[PDB]
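See below for the structure under consideration.
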Amino acid sequence: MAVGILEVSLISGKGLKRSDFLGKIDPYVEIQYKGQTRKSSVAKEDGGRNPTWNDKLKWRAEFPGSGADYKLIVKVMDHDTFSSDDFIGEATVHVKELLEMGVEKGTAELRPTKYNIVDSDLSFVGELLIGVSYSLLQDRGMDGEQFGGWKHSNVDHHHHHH
C-alpha cells in the first residue's frame with residue numbers, strides 16, 4: 001500500500017521474447033534537455049554488454065492493496081543451506097512486499113537475497129539485475145547521458161567423445 005516512483009538499474013537483461021522488429025532503434029537511452037524523458041524499452045536480446053551507469057528507469061507505482069498476511073514469495077530461490085553468495089535476479093513477479101514496505105518509512109529496498117527469476121513457475125521470469133528498490137515520490141526527472149553499445153553472440157559446449 002504505497003504510491004511512489006520505482007527505480008531500476010540498466011545493468012543487463014535477456015529478451016527471450018520478440019517484437020515488431022528489434023534493432024538499434026527500439027532500445028533507446030533516457031537522454032533529454034527539454035522537460036520530459038523516456039525510459040529504455042524492453043531489452044534487445046542479451047544487452048548486458050552495456051554499462052549500468054548508462055541510465056536508470058523509472059515508473060509510476062500505486063498502492064497494490066492490503067494483503068493482510070499471506071503471500072510469502074521468500075521460498076522460491078535456489079541453494080539454501082545457510083547463506084548463498086551467488087545471485088540470479090528478479091523479474092516482474094509478485095513482489096509488492098517491497099513497494100508496500102516503502103510507505104512504512106517513506107522508502108523501501110529489496111533485502112540481500114537471491115530472489116527467483118529462473119524459468120520454473122512464477123510469472124515467466126527471465127533475466128534482470130538486482131537492486132530495483134522502491135521509494136515514495138512522483139517527480140520523474142530526466143538525467144542520463146549519451147551512450148551506446150553492441151553485441152553478437154556467445155555459445156559453446158564441452159564434448160570430447162561420443
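Labels for the C-alpha cells follow display order: chains A, B, ..., residues from 1 in each chain, ligands from 1.
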
When DSSP is applied to the backbone of this structure, which of chain A are assigned helix (DSSP H, G or I)? Write them out as an MDAnalysis selection string. chainID A and resid 96:100 102:105

Residue list (strand (DSSP E or B), DSSP) for segment 5-161 of chain A, as a ChimeraX atom specification: /A:5-9,56-61,107-108,134-135

Tell me which protein, DNA and RNA residues are within 8 Å of segment 143-150 of chain A, counting only C-alpha atoms, leaving out same-chain ones fewer than 5 positions away, and put them as a list in words. residues 29, 30, 31, 32, 47, 49, 50, 54, 55 and 56 of chain A

Residues from the last selection, C-alpha atoms, saved as a PDB file, in the first residue's frame:
```pdb
ATOM      1  CA  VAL A  29      18.523   5.602 -23.556  1.00  0.00           C
ATOM      2  CA  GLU A  30      16.817   8.283 -21.466  1.00  0.00           C
ATOM      3  CA  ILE A  31      18.501  11.451 -22.726  1.00  0.00           C
ATOM      4  CA  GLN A  32      16.787  14.839 -22.958  1.00  0.00           C
ATOM      5  CA  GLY A  47      22.116  -6.430 -23.970  1.00  0.00           C
ATOM      6  CA  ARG A  49      27.239  -5.608 -22.828  1.00  0.00           C
ATOM      7  CA  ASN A  50      26.244  -2.069 -21.852  1.00  0.00           C
ATOM      8  CA  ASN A  54      24.410   4.455 -18.602  1.00  0.00           C
ATOM      9  CA  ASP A  55      20.945   5.387 -17.340  1.00  0.00           C
ATOM     10  CA  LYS A  56      18.120   4.462 -14.967  1.00  0.00           C
TER      11      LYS A  56
END
```

Using only C-alpha atoms, which residue out of A:101, A:117, A:129, A:93 lies closest to residue 13 of chain A?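 For residue 13 of chain A, the nearest of the given residues is A:129.
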
For atom CA of residue 103 of chain A and atom CA of residue 126 of chain A, quote the distance in Å rounded to one decimal.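 Atom-to-atom, atom CA of residue 103 of chain A and atom CA of residue 126 of chain A are spaced 28.1 Å apart.
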
Quick one, how far is atom CA of residue 121 of chain A from atom CA of residue 76 of chain A?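 About the pair atom CA of residue 121 of chain A and atom CA of residue 76 of chain A: they are 9.3 Å apart.
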
Write out as a list in words which residues come within 8 Å of residue 100 of chain A when counting only C-alpha atoms, dropping same-chain ones fewer than 2 positions away.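 Here the answer would be residues 1, 2, 63, 64, 96, 97, 98, 102, 103, 104 and 108 of chain A.
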
Which residue out of A:123, A:151, A:82, A:48 has the minimum interatomic distance to residue 95 of chain A when only C-alpha atoms are used? A:123
